[PDB]
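The block underneath contains the structure these notes are about, expressed in structure tokens.
When we count neighbours, we look across all protein chains shown, and the Cβ atoms used for this are built from the backbone with ideal geometry, even at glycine. Computed from the coordinates by the stated procedures, all read-outs in this text should not be read as laboratory data.
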Ligand SMILES: Nc1ncnc2c1ncn2[C@@H]1O[C@H](CSCC[C@H](N)C(=O)O)[C@@H](O)[C@H]1O
């Protein structure tokens with residue numbers, strides 16, 4: 001009678017930790033959700049084969065609205081697992097589900113997995129230098145989210161990097177590309193004119209982290225906004241003040257313009 | 001011709017990903033470094049038995065200085081694995097190793113694993129709300145670092161949470177406890193008088209992240225400074241402004257005082 005939150009990792013079924021796999025193999029029921037992120041290198045069938053269990057996929061509504069009516073009842077009499085892409089508690093609201101579990105008298109444990117939040121280290125940007133993070137959300141009809149613009153501005157004033165999670169509408173198979181994110185940001189810039197995100201802004205794009213051959217690119221918006229970074233998922237980063245070692249890596253590994261090596265002090 | 005940077009994860013030998021383990025098992029040579037961080041819940045022997053390959057441990061100098069003299073020459077003609085605690089490249093110096101590999105004409109790939117940066121999500125605090133991060137280091141001789149104090153100040157001023165890594169005597173396997181960190185912070189507060197860290201400051205302690213039985217506690221410094229949080233490692237977090245779900249999680253899961261529920265959003 002327990003509930004395991006288990007992360008599946010960044011890209012494919014092998015991104016789960018050994019700990020996660022062995023525990024999942026011992027569970028009576030295995031649930032999962034694939035709406036918080038996209039695992040571009042695998043399929044539900046491959047994950048099921050690896051774990052050797054049939055997986056019950058839940059929709060956002062199943063979870064947010066009925067987690068305690070679908071999953072918790074079973075966890076009271078069986079060992080249950082709830083799988084999620086990346087790390088289960090990063091850039092999701094699944095942490096709140098641990099409260100529902102507790103109040104239902106169900107013990108829960110968390111098994112971590114690689115997350116895009118730390119995988120950004122592969123960009124060469126100092127991870128301790130990132131400030132507040134935000135999500136570039138899809139406009140919805142007349143509704144046009146812009147709060148993430150203010151996040152970049154706040155971090156930039158402090159010389160900190162900004163990690164921009166890109167939106168995803170799994171049920172509509174909508175996965176925001178770094179290009180779309182840049183386009184939206186430029187539109188927000190035209191509205192706010194804060195001089196935060198322009199054609200001359202240096203950005204970093206990381207696509208399909210977790211794969212052996214992810215796309216890591218750095219350059220000015222005007223040059224990357226029309227570049228093909230490959231299939232999603234994508235994350236966008238707006239660096240703050242670059243240190244020489246960060247610039248060196250972006251140039252050597254991400255093909256950034258050599259001119260960024262000449263940092264401004 | 002290939003060099004694999006493989007992360008070992010948070011706590012023990014099972015924290016490596018399936019992908020990382022399977023790749024390591026296929027390598028001709030396997031190196032490991034335990035000077036940037038440590039695997040508190042395991043030993044070199046257990047990691048070695050899990051992979052089934054002999055593992056050669058490298059010192060700080062072996063890597064920082066002679067990486068190209070020890071590892072790269074072998075990577076030129078063989079498949080080589082370089083194991084590191086946590087997630088590869090989260091450690092700042094590791095990024096340049098990829099450049100050295102490139103310079104030496106050796107291909108390198110990164111196999112991610114869980115890192116504290118993403119694992120702190122288990123504290124129930126929103127990952128988006130974390131600001132700049134810092135490390136609390138042992139004062140030694142005529143060196144008493146205090147910059148981490150200013151990081152907290154700047155983050156808190158913006159309502160952001162502050163992730164504080166605690167110092168470690170890598171070679172000696174000696175860890176700074178959350179208790180010692182609180183002591184130091186209270187001392188820095190005395191010589192800073194910024195009202196940033198006091199007996200009434202709410203803090204969160206995360207012990208042994210990655211283990212199946214981590215300790216997660218939250219409360220005011222005055223009440224937690226002398227509490228036993230169990231074996232290391234310990235991570236300290238100074239929350240900024242909480243929203244109600246973060247507060248509820250801390251109360252329900254971390255045993256925080258009900259007082260914190262009067263959030264200030
Ligand atoms: N492997 C990956 N590569 C690049 N971006 C990724 C990624 N994983 C997810 N993302 C980005 O982040 C969004 C999901 S946010 C939730 C992520 C997950 N909990 C984790 O720990 O990784 C996606 O819409 C995408 O923009």
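Details
- Over chain B, DSSP H runs of length four or greater, each weighted -39,500 (n - 2.57), average out per residue to a 222 nm ellipticity of -9000 deg cm²/dmol.
- Among B:18, B:151, B:204: highest mean-square fluctuation, GNM of chain B, C-alpha pairs under 10 Å: B:18
- The packing ranking, built from the mean of other Cβ atoms within 10 Å per residue, places the peptides B:68-77, A:84-93, A:127-136, B:227-236 in the order A:84-93, A:127-136, B:227-236, B:68-77, highest first.
- Computing Rg and the Kirkwood Rh from the Cα coordinates of chain A gives a ratio, Rg/Rh, of 1.01.
- Residue exposure sequence - B:196, A:120 - by fewest surrounding Cβ within 10 Å: B:196, A:120
- Mean partner shielding of peptide B:89-98, defined as the number of other chain Cβ atoms within 10 Å of each residue Cβ, is 6.
- Directionally averaged shadow of the range A:167-224, computed from the convex hull of its alpha-carbon atoms, nm²: 4.9
- In whole percents, the pair-distance distribution calculated for the range B:53-207 from its alpha-carbon pairs, binned every 10 Å from zero, is 9, 31, 29, 21, 10, 1.
- Taken along its principal axes, the alpha carbon cloud of the protein assembly as shown reaches lengths of 61, 57, 55 Å, longest axis first.
- On Cα atoms only, tilt of B:244-254 relative to the major axis of chain B in degrees: 70
- Averaged over peptide B:107-113, the number of partner chain Cβ atoms lying within 10 Å of each residue's Cβ comes to 6.
- C-alpha center-to-center spacing [the range A:167-188, the range A:77-91] in angstrom: 26
- Across the identical copies, how the residue A:68 labels are spaced - nm, sorted shortest first, 7 Å along Cα→Cβ: 6.1
- Label-point spacing at residue A:257 relative to the other copies reads 5.5 nm, in ascending order, each point sitting 7 Å out from Cα along Cα→Cβ.
- GNM result for chain A, Cα springs below 10 Å: residue of A:198, A:162, A:177 fluctuating most strongly: A:198
- Mean partner shielding of peptide A:127-135, defined as the number of other chain Cβ atoms within 10 Å of each residue Cβ, is 6.
- Going from the fewest other Cβ atoms within 10 Å to the most, the residues A:23, A:16 appear in the order A:23, A:16.
- Largest GNM mean-square fluctuation among A:183, A:157, A:248, using chain A with Cα springs under 10 Å: A:157.
- Note on the range B:115-265: the C-alpha convex hull projects to 8.9 nm² when averaged across all orientations.
- Relative to the longest principal axis of the Cα atoms of chain B, helix B:178-192 runs at roughly 60 degrees.
- Computed over the range B:1-114, relative contact order equals 47 percent, with contacts defined as Cα pairs under 8 Å that lie 6+ residues apart.
- By the count of neighbouring beta-carbon atoms within 10 Å, fewest first, A:118, A:147 end up ordered A:147, A:118.
- Degrees separating the helix B:147-156 axis from the principal Cα axis of chain B, which is the longest one: 60
- Computed over the range B:1-114, Kirkwood Rh from alpha-carbon pairs, angstrom: 13.6
- Using a 7 Å projection from Cα along Cα-to-Cβ, the label point at residue B:25 is separated from the same position in the remaining copies by 1.0 nm, smallest value first.
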